[PDB]
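Listing of start.pdb, PDB, C-alpha atoms (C1' of nucleotides)
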ATOM      1  CA  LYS A   1      82.050  31.859  10.201  1.00  0.00           C
ATOM      2  CA  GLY A   2      85.485  30.234  10.441  1.00  0.00           C
ATOM      3  CA  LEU A   3      87.050  27.187  12.077  1.00  0.00           C
ATOM      4  CA  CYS A   4      89.493  25.799  14.602  1.00  0.00           C
ATOM      5  CA  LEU A   5      91.957  23.284  13.179  1.00  0.00           C
ATOM      6  CA  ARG A   6      94.846  21.662  15.025  1.00  0.00           C
ATOM      7  CA  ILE A   7      97.556  19.002  14.802  1.00  0.00           C
ATOM      8  CA  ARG A   8      97.748  15.793  16.921  1.00  0.00           C
ATOM      9  CA  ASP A   9      95.187  16.952  19.577  1.00  0.00           C
ATOM     10  CA  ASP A  10      97.884  18.125  22.051  1.00  0.00           C
ATOM     11  CA  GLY A  11      99.762  19.891  19.213  1.00  0.00           C
ATOM     12  CA  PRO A  12      99.648  23.469  17.904  1.00  0.00           C
ATOM     13  CA  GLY A  13      96.629  24.669  15.927  1.00  0.00           C
ATOM     14  CA  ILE A  14      94.893  27.591  14.238  1.00  0.00           C
ATOM     15  CA  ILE A  15      91.604  29.367  14.885  1.00  0.00           C
ATOM     16  CA  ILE A  16      90.166  31.300  11.971  1.00  0.00           C
ATOM     17  CA  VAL A  17      87.220  33.547  12.762  1.00  0.00           C
ATOM     18  CA  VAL A  18      85.259  35.554  10.205  1.00  0.00           C
ATOM     19  CA  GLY A  19      82.210  37.817  10.488  1.00  0.00           C
ATOM     20  CA  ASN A  20      80.891  41.271  11.324  1.00  0.00           C
ATOM     21  CA  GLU A  21      83.493  43.438  12.960  1.00  0.00           C
ATOM     22  CA  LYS A  22      81.995  43.736  16.439  1.00  0.00           C
ATOM     23  CA  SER A  23      81.531  39.971  16.649  1.00  0.00           C
ATOM     24  CA  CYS A  24      85.128  39.422  15.555  1.00  0.00           C
ATOM     25  CA  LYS A  25      86.343  41.853  18.208  1.00  0.00           C
ATOM     26  CA  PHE A  26      84.315  40.027  20.850  1.00  0.00           C
ATOM     27  CA  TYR A  27      85.792  36.709  19.742  1.00  0.00           C
ATOM     28  CA  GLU A  28      89.299  38.153  19.942  1.00  0.00           C
ATOM     29  CA  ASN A  29      88.608  39.432  23.448  1.00  0.00           C
ATOM     30  CA  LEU A  30      87.341  36.007  24.491  1.00  0.00           C
ATOM     31  CA  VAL A  31      90.462  34.374  23.068  1.00  0.00           C
ATOM     32  CA  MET A  32      92.887  36.770  24.747  1.00  0.00           C
ATOM     33  CA  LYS A  33      91.416  38.478  27.821  1.00  0.00           C
ATOM     34  CA  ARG A  34      88.668  36.102  29.019  1.00  0.00           C
ATOM     35  CA  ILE A  35      90.308  32.706  28.493  1.00  0.00           C
ATOM     36  CA  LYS A  36      93.475  31.817  30.394  1.00  0.00           C
ATOM     37  CA  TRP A  37      95.314  29.300  28.181  1.00  0.00           C
ATOM     38  CA  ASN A  38      98.272  28.947  30.574  1.00  0.00           C
ATOM     39  CA  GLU A  39      95.795  27.980  33.367  1.00  0.00           C
ATOM     40  CA  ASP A  40      95.875  24.375  34.666  1.00  0.00           C
ATOM     41  CA  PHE A  41      92.907  22.026  34.132  1.00  0.00           C
ATOM     42  CA  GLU A  42      91.526  18.488  34.578  1.00  0.00           C
ATOM     43  CA  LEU A  43      90.809  15.936  31.816  1.00  0.00           C
ATOM     44  CA  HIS A  44      87.911  13.588  32.682  1.00  0.00           C
ATOM     45  CA  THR A  45      88.121  10.014  31.322  1.00  0.00           C
ATOM     46  CA  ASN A  46      86.914   6.481  32.172  1.00  0.00           C
ATOM     47  CA  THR A  47      90.343   5.408  33.519  1.00  0.00           C
ATOM     48  CA  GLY A  48      91.120   8.417  35.732  1.00  0.00           C
ATOM     49  CA  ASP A  49      91.002  12.218  35.969  1.00  0.00           C
ATOM     50  CA  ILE A  50      94.265  13.566  34.474  1.00  0.00           C
ATOM     51  CA  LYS A  51      95.608  16.895  35.809  1.00  0.00           C
ATOM     52  CA  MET A  52      97.197  18.931  32.980  1.00  0.00           C
TER      53      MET A  52
ATOM     54  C1'   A B   1      26.614 137.393  52.235  1.00  0.00           C
ATOM     55  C1'   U B   2      23.576 133.740  48.762  1.00  0.00           C
ATOM     56  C1'   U B   3      24.732 129.512  45.775  1.00  0.00           C
ATOM     57  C1'   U B   4      26.809 124.357  41.938  1.00  0.00           C
ATOM     58  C1'   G B   5      29.472 120.323  43.130  1.00  0.00           C
ATOM     59  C1'   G B   6      23.287 116.017  45.535  1.00  0.00           C
ATOM     60  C1'   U B   7      19.302 113.232  39.095  1.00  0.00           C
ATOM     61  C1'   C B   8      19.045 105.592  41.564  1.00  0.00           C
ATOM     62  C1'   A B   9      19.406 102.427  37.390  1.00  0.00           C
ATOM     63  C1'   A B  10      15.756  98.673  34.959  1.00  0.00           C
ATOM     64  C1'   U B  11      10.584  97.895  33.203  1.00  0.00           C
ATOM     65  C1'   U B  12       5.573  99.662  31.730  1.00  0.00           C
ATOM     66  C1'   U B  13       4.693 105.039  29.644  1.00  0.00           C
ATOM     67  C1'   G B  14       1.784 108.129  26.429  1.00  0.00           C
ATOM     68  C1'   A B  15       3.697 109.300  35.847  1.00  0.00           C
ATOM     69  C1'   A B  16       3.208 104.482  37.504  1.00  0.00           C
ATOM     70  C1'   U B  17       5.880  99.855  38.854  1.00  0.00           C
ATOM     71  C1'   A B  18       9.788  98.735  40.485  1.00  0.00           C
ATOM     72  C1'   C B  19      13.851 100.062  45.116  1.00  0.00           C
ATOM     73  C1'   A B  20      20.178  99.234  44.063  1.00  0.00           C
ATOM     74  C1'   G B  21      20.046  94.925  40.591  1.00  0.00           C
ATOM     75  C1'   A B  22      20.661  89.315  40.848  1.00  0.00           C
ATOM     76  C1'   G B  23      25.588  82.102  42.200  1.00  0.00           C
ATOM     77  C1'   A B  24      28.353  81.272  46.910  1.00  0.00           C
ATOM     78  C1'   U B  25      31.533  78.718  49.935  1.00  0.00           C
ATOM     79  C1'   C B  26      34.684  73.951  51.123  1.00  0.00           C
ATOM     80  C1'   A B  27      37.158  69.784  48.603  1.00  0.00           C
ATOM     81  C1'   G B  28      39.255  66.097  44.971  1.00  0.00           C
ATOM     82  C1'   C B  29      41.659  64.402  40.607  1.00  0.00           C
ATOM     83  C1'   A B  30      44.016  64.789  36.032  1.00  0.00           C
ATOM     84  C1'   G B  31      47.008  67.555  33.026  1.00  0.00           C
ATOM     85  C1'   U B  32      51.711  71.308  31.910  1.00  0.00           C
ATOM     86  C1'   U B  33      57.220  71.547  32.926  1.00  0.00           C
ATOM     87  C1'   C B  34      61.577  69.877  35.389  1.00  0.00           C
ATOM     88  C1'   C B  35      63.934  66.181  38.753  1.00  0.00           C
ATOM     89  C1'   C B  36      64.725  61.451  41.196  1.00  0.00           C
ATOM     90  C1'   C B  37      63.881  56.342  41.608  1.00  0.00           C
ATOM     91  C1'   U B  38      61.916  51.801  39.578  1.00  0.00           C
ATOM     92  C1'   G B  39      60.349  47.859  35.394  1.00  0.00           C
ATOM     93  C1'   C B  40      60.010  47.121  30.139  1.00  0.00           C
ATOM     94  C1'   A B  41      61.088  48.210  25.020  1.00  0.00           C
ATOM     95  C1'   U B  42      64.120  50.227  21.333  1.00  0.00           C
ATOM     96  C1'   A B  43      68.955  51.257  19.510  1.00  0.00           C
ATOM     97  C1'   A B  44      73.839  51.242  20.303  1.00  0.00           C
ATOM     98  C1'   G B  45      78.004  49.736  23.512  1.00  0.00           C
ATOM     99  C1'   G B  46      80.315  46.938  26.727  1.00  0.00           C
ATOM    100  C1'   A B  47      81.329  42.795  30.703  1.00  0.00           C
ATOM    101  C1'   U B  48      80.732  37.741  31.660  1.00  0.00           C
ATOM    102  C1'   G B  49      79.108  32.738  32.070  1.00  0.00           C
ATOM    103  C1'   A B  50      78.357  27.960  30.894  1.00  0.00           C
ATOM    104  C1'   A B  51      80.882  19.512  29.518  1.00  0.00           C
ATOM    105  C1'   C B  52      82.928  18.019  24.587  1.00  0.00           C
ATOM    106  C1'   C B  53      83.869  16.127  20.492  1.00  0.00           C
ATOM    107  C1'   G B  54      81.724  17.883  16.053  1.00  0.00           C
ATOM    108  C1'   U B  55      80.529  18.619  10.265  1.00  0.00           C
ATOM    109  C1'   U B  56      81.550  16.534   4.653  1.00  0.00           C
TER     110        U B  56
END
Structure translated into structure tokens:
Amino acid sequence: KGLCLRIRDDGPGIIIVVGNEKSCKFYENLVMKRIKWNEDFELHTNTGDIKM
RNA sequence: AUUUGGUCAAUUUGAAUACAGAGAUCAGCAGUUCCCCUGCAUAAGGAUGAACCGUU
């Protein structure tokens, strides 16, 4: 249970996560260790693929 | 100088029959315990993956 809100798409936003403790821990791990947020990526659109 | 270490049992008896006394050998498999591997389940506990936006 929870959510992920954010401002203006590109802007800063909040994840809230709620549940059983193990699950929460797992989620945290995913957020921090597994995902690389600073990593570069590609946006796919009809006009052209935008490198970010 | 002599002699004991020498009684077959069993059965039929009121000595005769018996005659030494009645399964062997070879081979499987399973179980018992411990160990190792393998697949599955059960709990727990990780690790990780997967496009893209979601819900009043």
For the file shown, what are the residues hit by the PyMOL selection byres ((chain B) within 12 of (chain A)), laid out as JSON, numbers by chain?
{"B": [44, 45, 46, 47, 48, 49, 51, 52, 53, 54, 55]}
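Across the structure, atom CA of residue A:23 and atom CA of residue A:6 are spaced 22.7 Å apart.
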Can you list, as an mmCIF file with C-alpha atoms, in the frame of the given file, every protein, DNA or RNA residue that comes within 9 Å of residue A:3 when you count all atoms listed in the file, leaving out same-chain residues fewer than 5 positions away?
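Generated file (selection.cif):
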data_model
loop_
_atom_site.group_PDB
_atom_site.id
_atom_site.type_symbol
_atom_site.label_atom_id
_atom_site.label_comp_id
_atom_site.auth_asym_id
_atom_site.auth_seq_id
_atom_site.Cartn_x
_atom_site.Cartn_y
_atom_site.Cartn_z
ATOM 1 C CA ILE A 14 94.893 27.591 14.238
ATOM 2 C CA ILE A 15 91.604 29.367 14.885
ATOM 3 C CA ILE A 16 90.166 31.300 11.971
ATOM 4 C CA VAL A 17 87.220 33.547 12.762
ATOM 5 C CA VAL A 18 85.259 35.554 10.205
#
Quick one: which residues end up in the PyMOL selection byres ((chain B and resi 10) around 12) for this structure, as a VMD selection string?
chain B and resid 8 to 9 11 to 12 17 to 21
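When atom CA of residue A:19 is paired with atom CA of residue A:1, their separation reads 6.0 Å.
Atom CA of residue A:24 sits 10.5 Å away from atom CA of residue A:2.
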If I only have part of stretch 24-44 of chain A, can you fill in N, CA, C and O atoms and write it as a CSV table (one decimal), in the frame of the given file?
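Contents of rebuild10.csv, as written:
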chain,number,residue,atom,x,y,z
A,24,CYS,N,83.7,39.8,15.7
A,24,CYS,CA,85.1,39.4,15.6
A,24,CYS,C,85.9,39.9,16.8
A,24,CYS,O,86.7,39.2,17.3
A,25,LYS,N,85.7,41.2,17.1
A,25,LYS,CA,86.3,41.9,18.2
A,25,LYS,C,86.1,41.1,19.5
A,25,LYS,O,87.0,40.8,20.3
A,26,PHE,N,84.8,40.8,19.7
A,26,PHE,CA,84.3,40.0,20.8
A,26,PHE,C,85.1,38.7,21.0
A,26,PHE,O,85.5,38.3,22.1
A,27,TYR,N,85.1,38.0,19.8
A,27,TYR,CA,85.8,36.7,19.7
A,27,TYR,C,87.2,36.8,20.2
A,27,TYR,O,87.7,36.0,21.0
A,28,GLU,N,87.9,37.9,19.7
A,28,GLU,CA,89.3,38.2,19.9
A,28,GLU,C,89.5,38.3,21.4
A,28,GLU,O,90.4,37.8,22.0
A,29,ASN,N,88.6,39.1,22.0
A,29,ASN,CA,88.6,39.4,23.4
A,29,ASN,C,88.5,38.1,24.3
A,29,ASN,O,89.3,37.9,25.2
A,30,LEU,N,87.6,37.3,23.8
A,30,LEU,CA,87.3,36.0,24.5
A,30,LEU,C,88.6,35.2,24.5
A,30,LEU,O,89.0,34.6,25.5
A,31,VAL,N,89.2,35.1,23.3
A,31,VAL,CA,90.5,34.4,23.1
A,31,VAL,C,91.6,34.8,24.0
A,31,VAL,O,92.2,34.0,24.6
A,32,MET,N,91.7,36.2,24.1
A,32,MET,CA,92.9,36.8,24.7
A,32,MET,C,92.7,37.1,26.2
A,32,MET,O,93.4,36.7,27.1
A,33,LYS,N,91.7,38.0,26.5
A,33,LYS,CA,91.4,38.5,27.8
A,33,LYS,C,90.7,37.5,28.7
A,33,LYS,O,91.1,37.3,29.9
A,34,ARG,N,89.6,36.9,28.2
A,34,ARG,CA,88.7,36.1,29.0
A,34,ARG,C,89.3,34.7,29.3
A,34,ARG,O,89.4,34.4,30.5
A,35,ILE,N,89.7,34.0,28.3
A,35,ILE,CA,90.3,32.7,28.5
A,35,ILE,C,91.7,32.9,29.0
A,35,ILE,O,92.5,33.7,28.5
A,36,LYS,N,92.1,32.0,30.0
A,36,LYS,CA,93.5,31.8,30.4
A,36,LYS,C,93.9,30.5,29.8
A,36,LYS,O,93.5,29.4,30.3
A,37,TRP,N,94.8,30.5,28.8
A,37,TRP,CA,95.3,29.3,28.2
A,37,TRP,C,96.4,28.6,29.0
A,37,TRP,O,96.4,27.4,29.2
A,38,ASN,N,97.3,29.4,29.6
A,38,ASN,CA,98.3,28.9,30.6
A,38,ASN,C,97.7,28.3,31.9
A,38,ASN,O,98.5,27.7,32.6
A,39,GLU,N,96.5,28.6,32.2
A,39,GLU,CA,95.8,28.0,33.4
A,39,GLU,C,95.8,26.4,33.3
A,39,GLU,O,95.7,25.8,32.3
A,40,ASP,N,95.9,25.8,34.5
A,40,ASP,CA,95.9,24.4,34.7
A,40,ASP,C,94.4,23.8,34.7
A,40,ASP,O,93.6,24.5,35.3
A,41,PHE,N,94.2,22.6,34.3
A,41,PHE,CA,92.9,22.0,34.1
A,41,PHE,C,92.9,20.5,34.3
A,41,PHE,O,94.0,19.9,34.4
A,42,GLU,N,91.7,19.9,34.4
A,42,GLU,CA,91.5,18.5,34.6
A,42,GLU,C,90.8,17.8,33.4
A,42,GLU,O,89.8,18.3,32.9
A,43,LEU,N,91.4,16.8,32.9
A,43,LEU,CA,90.8,15.9,31.8
A,43,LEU,C,90.1,14.8,32.5
A,43,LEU,O,90.7,14.0,33.2
A,44,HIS,N,88.8,14.7,32.2
A,44,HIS,CA,87.9,13.6,32.7
A,44,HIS,C,87.8,12.4,31.7
A,44,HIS,O,87.4,12.6,30.5
